[PDB]
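If you want the building blocks of each chain, they are given just below.
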Amino acid sequence: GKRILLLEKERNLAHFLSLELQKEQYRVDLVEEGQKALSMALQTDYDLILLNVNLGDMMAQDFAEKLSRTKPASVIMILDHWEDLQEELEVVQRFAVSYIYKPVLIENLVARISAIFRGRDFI
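Residues numbered from 1 in each chain as written, not as in the entry; some residues may be left out. Heavy atoms only, no water.

A look at unusual backbone geometry
Phase 1: With an omega of -5°, the peptide bond between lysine 102 and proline 103 qualifies as cis.
Phase 2: Relative to the elements of secondary structure, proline 103 occurs in the loop between β5 (98-102) and α6 (106-117).
Phase 3: A positive phi is found at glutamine 25, a non-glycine position, where the angle reads about 75°.
Phase 4: Relative to the elements of secondary structure, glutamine 25 occurs in the loop between α1 (11-23) and β2 (27-31). (Helix = DSSP H or I, 4+ residues; strand = E, 2+ residues; numbered from the N terminus.)

A closer look at the side chain of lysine 71
Phase 1: Structurally, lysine 71 can be placed in the loop between α3 (60-67) and β4 (76-81).
Phase 2: For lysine 71, a relative accessible area of 18% corresponds to the buried category.
Phase 3: A polar contact of 2.8 Å, which involves the side chain of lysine 71, links it to the side chain of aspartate 45.
Phase 4: Here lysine 71 is in contact with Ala41, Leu42, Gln43, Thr44 and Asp45, once residues within four sequence places are set aside. (Buried < 20%, exposed > 50% of the residue type's maximum accessible area, 1.4 Å probe, protein only. Polar contact = N/O pair within 3.5 Å; in protein donor to acceptor, adjacent residues only side chain to side chain. Contact = heavy atoms within 4.5 Å.)

Structural notes on the pattern of salt bridges
A pair can form between side chains of opposite charge whenever their charged atoms are brought close.
Phase 1: Using the criterion set out here, one finds five salt bridges in the structure.
Phase 2: With a shortest N-O distance of 2.8 Å, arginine 3 and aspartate 29 are connected by a salt bridge. Of this pair, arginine 3 sits in strand β1 (residues 3-7) while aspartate 29 sits in strand β2, and the two are 26 residues apart along the sequence.
Phase 3: Close ionic contact of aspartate 45 with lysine 71 constitutes a salt bridge, the shortest N to O distance being 2.8 Å. Placement of the pair is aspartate 45 in the loop between α2 (34-43) and β3 (48-51) and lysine 71 in the loop between α3 and β4, with a sequence separation of 26 residues.
Phase 4: Several salt bridges share partner residues, and in doing so they unite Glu8, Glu10 and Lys102 into one network. (Salt bridge = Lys/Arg side-chain N within 4 Å of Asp/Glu carboxyl O.)

The structure is reproduced here in C-alpha cells:
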C-alpha cells in the first residue's frame, strides 16, 4: 500500500514495472521528466522514489539536492547499468538508500522494493 514515484528511461521497463507494482497493491506515479518528478516529490510524501542516475533534464544527484532543501532523508533508490552507476557510485552513496544494477527482472525488482519497506536491502 506504499506510494512510489517512478522515472525510468526504458519505456518497456517503466510500463511493465508500474503494472506489476500496482498488482502488488502499491500506488505508482509514473513520470517521464525530472522536473515533474521533483514537483511531485515536493507535493507528495512518497515511500520510495525510483530513478536512473541521469533523469534526462537533470542528474538524480541534482534532484536529490533540490528535494533535500525541504525533505531531507527522502527514500531514493537508483536503478541503472553497471557502468552508469560505477561512474557516480561515491555520490549515489551520499543520497540514495539503495541501488540496483540493470538488467534486472521485474519480479526481482518488485521483491527488492518490497524488502526495502521491511528494512532489508536484500531479498
